[PDB]
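Please read the structure below before turning to the comments.
All values below come from the heavy atoms of this structure, side chains included, with hydrogens, waters and symmetry mates left out. First the proteins, then the strands, lettered A, B, ... as listed; each starts at 1.
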Amino acid sequence: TXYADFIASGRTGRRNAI
Amino acid sequence: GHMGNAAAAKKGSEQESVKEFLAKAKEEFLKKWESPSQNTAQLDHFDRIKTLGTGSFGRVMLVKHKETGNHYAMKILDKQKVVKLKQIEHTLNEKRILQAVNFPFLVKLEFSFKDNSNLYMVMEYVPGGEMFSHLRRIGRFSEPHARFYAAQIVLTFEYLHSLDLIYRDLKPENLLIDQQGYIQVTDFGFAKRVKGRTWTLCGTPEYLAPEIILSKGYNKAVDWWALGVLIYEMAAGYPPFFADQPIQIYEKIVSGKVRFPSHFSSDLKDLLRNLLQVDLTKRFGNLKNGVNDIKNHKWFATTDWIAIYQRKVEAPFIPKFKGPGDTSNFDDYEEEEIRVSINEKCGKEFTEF
Ligand SMILES: O=S(=O)(c1cccc2cnccc12)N1CCCNCC1
């Protein structure tokens, strides 16, 4: 599912600027 | 047509009044922009309470004014560290913007000052914490809830863009919720006065517009792209473009393809396809009718823009608040010293602060 894909990305926490 | 006579006249009058408001607001901004305020308090006016945030951006501390008892959020930057990280211009510009703007969803700089070691920005304490926390906790916002927040961002960007300010740092991590449930925008380190184009690669991967990824000169339309990302993430619980590695996120962003959860309304999907439009000649907020293409879209048909601005709409969510010093909507961090050296550091660099 897309939610499961989101969890799999490992980018569910706070995201830093580049 | 879509509007009868009364509705068209009312909408036209509303749009003209916005122009009139923005012209006055630009006049007020430019006076403060040209003559910034400096040195309006000092450190021993405040008790240090707790660290609210810490990172590459320095530190933000909850402090209490000793004589009024008012709480504030004090951003502390180490002057030597700012110079080392090559952030002098961004630091000066952030404070200059904050002391010059005025809008109900932009955090208020109440005092600023510096000493031998550090720079200090004393801002209103926004006790509800980051939208990010509430979004991950609740999972996703219902469309009316998302819309309430989105409307405030639309108005704030309409204001900032009229001042020729591009924002460039939109994401749930950078939006705070106040005691009335309304949004506060706080971070202006990437904001820039830009009447035309600018070129810097800056932002957060999930929120980067395609023209930034592709190393183009770009304009304020990147903020309308980011609004699309934000609305999507608020309503879905995850952003439109994500992957294990930033390069894979960038491939998705530039592809021109975006896919939606089945619970998104058709009105929402139509708005998002027009904001998340790779083709700049077609992106809402970048066309002849400007912000009005967004404000007049069907998904915002129930939005009373003036009532949002006046903060007369009941918020969908009021964060828990047990007193003026409550920090329960923020994380806990290791408490570090606020060291002030006997010697002044980097005085020349920060004369303007
Ligand atoms: O929450 S903060 O520490 C913060 C900053 C500025 C003013 C604030 C006012 N009240 C609370 C927290 C505040 N924060 C730091 C950078 C990350 N994004 C959100 C702003």
Side-chain angles (χ1 to χ4, degrees), chain B residues 1-3 8 11-12 14-15 18-19 22 143 146-147 149-162 164-171 192 194 196-219 221-236 238-243 248-256 258-261 264-287 289-301 303 305:
Chain B
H2 284 286
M3 295 186 285
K11 182 60 77 166
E14 283 164 353
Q15 292 181 171
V18 170
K19 293 186 192 163
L22 291 174
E143 291 191 27
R147 184 157 49 237
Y149 295 147
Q152 297 168 58
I153 303 302
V154 170
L155 291 176
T156 301
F157 283 178
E158 181 171 45
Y159 171 81
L160 288 173
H161 290 175
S162 80
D164 303 310
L165 290 167
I166 192 171
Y167 182 64
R168 303 197 291 190
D169 208 5
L170 188 72
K171 53 183 174 183
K192 187 183 180 183
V194 173
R197 310 174 88 184
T198 198
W199 288 260
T200 308
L201 170 64
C202 63
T204 300
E206 284 79 348
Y207 281 78
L208 293 181
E211 59 267 31
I212 302 178
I213 290 159
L214 295 165
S215 298
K216 300 302 178 63
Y218 61 88
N219 72 1
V222 302
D223 282 334
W224 296 121
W225 174 280
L227 173 70
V229 181
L230 182 77
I231 292 172
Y232 185 119
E233 184 172 342
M234 289 190 299
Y238 45 82
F241 314 108
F242 59 77
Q248 294 163 308
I249 303 181
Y250 304 148
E251 290 175 350
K252 294 181 178 186
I253 288 164
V254 301
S255 72
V258 51
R259 297 180 184 89
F260 302 104
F264 275 21
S265 69
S266 285
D267 289 342
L268 177 51
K269 292 184 287 188
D270 186 83
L271 174 63
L272 295 175
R273 288 182 166 122
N274 281 288
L275 292 168
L276 300 174
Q277 169 58 262
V278 176
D279 185 344
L280 276 167
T281 75
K282 300 184 176 178
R283 186 184 303 158
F284 274 19
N286 204 42
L287 313 178
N289 290 308
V291 187
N292 296 321
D293 288 324
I294 300 168
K295 293 169 79 181
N296 297 342
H297 188 276
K298 279 189 188 296
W299 192 72
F300 284 116
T303 298
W305 295 100

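Heavy atoms only, all atoms of each residue included: B/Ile231 and B/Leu268 are closest at CG2-CD1, 3.6 Å. Contact between B/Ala151 and B/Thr303 at its shortest, heavy atoms only, is CB-CG2, 3.9 Å. Between B/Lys295 and B/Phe300 the shortest heavy-atom distance is O-CB, 3.8 Å. Scanning all heavy atoms of the two residues, the minimum distance from B/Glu211 to B/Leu280 falls at OE2-CD2, 3.5 Å. Taking every heavy atom of both residues into account, B/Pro261 and B/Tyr238 meet most closely at CG-OH, 3.4 Å. Contact detail for B/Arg197 and B/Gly217: the closest heavy-atom pair is NH2-O, 2.9 Å.
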**OP:** Using the side chain to side chain contact (heavy atoms under 4.5 Å, CB included) rule, take B/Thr200 and B/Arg168 through it: C-alpha gap first, then chi angles, then the decisive distance, then the call.
**Re:** CA-CA 10 Å; B/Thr200 308; B/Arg168 303 197 291 190; 4.0 Å; yes

Original post:
Would B/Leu275 and B/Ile294 count as a side chain to side chain contact (heavy atoms under 4.5 Å, CB included) if you check the C-alpha gap in whole Å, the side-chain angles of each, and the deciding distance to 0.1 Å?
Top reply: CA-CA 9 Å; B/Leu275 292 168; B/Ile294 300 168; 3.8 Å; yes

**OP:** Give the intermediate values and the outcome of side chain to side chain contact (heavy atoms under 4.5 Å, CB included) for residues B/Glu233 and B/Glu206.
**Re:** CA-CA 10 Å; B/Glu233 184 172 342; B/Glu206 284 79 348; 5.7 Å; no

**OP:** Applying side chain to side chain contact (heavy atoms under 4.5 Å, CB included), run through B/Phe241 and B/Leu208 and close with a yes or a no.
**Re:** CA-CA 10 Å; B/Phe241 314 108; B/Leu208 293 181; over 6 Å; no

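Atom NZ of B/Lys298 has 12 or fewer neighbouring heavy atoms from other residues, nucleotides or ligands inside a 6.0 Å radius.
With hydrogens and angles ignored, the 3.5 Å screen pairs no side-chain donor or acceptor of B/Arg283 with any backbone N or O of B/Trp224.
In this structure, CH2 in B/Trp199 is found 8.0 Å from NZ in B/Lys192, a value given to the nearest 0.5 Å. Distance CZ/B/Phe157 to CD/B/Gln152: 12.5 Å, rounded to 0.5 Å. Atom CD1 of B/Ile253 is separated from atom CZ of B/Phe242 by 12.0 Å, given to the nearest 0.5 angstrom. Here OH of B/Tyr167 is found 8.5 Å from CG of B/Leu160. Values are rounded to the nearest 0.5 Å. Note: B/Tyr250 OH to B/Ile212 CD1 = 10.0 Å, rounded to the nearest 0.5 Å. One distance of note links CG of B/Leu201 with CG of B/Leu214; it measures 11.0 Å at 0.5 Å rounding.
Within the 4.5 Å cutoff, the side chain of B/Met234 has heavy atoms near those of the B/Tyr149 side chain. Within the 4.5 Å cutoff, no side-chain heavy atoms of B/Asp270 are placed close to those of B/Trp299. Two residues are said to be in side-chain contact when any heavy atoms from C-beta on lie closer than 4.5 Å; B/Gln15 and B/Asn296 meet this criterion. Contact check for B/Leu230 versus B/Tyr207: side-chain heavy atoms found under the 4.5 Å cut-off.
Between B/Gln277 and B/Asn286, the side chains place no donor N or O within less than 3.5 Å of an acceptor N or O (distance only, hydrogens not considered).
B/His161 pairs in a side chain to side chain donor-acceptor pair (under 3.5 Å) with only one of the listed residues (B/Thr156, B/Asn219, B/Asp223), which is B/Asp223.
Listed by chain and number, the residues in a ring pair (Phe, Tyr, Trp, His ring centres under 6.0 Å) with B/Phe284 amount to none (sequence neighbours excluded).
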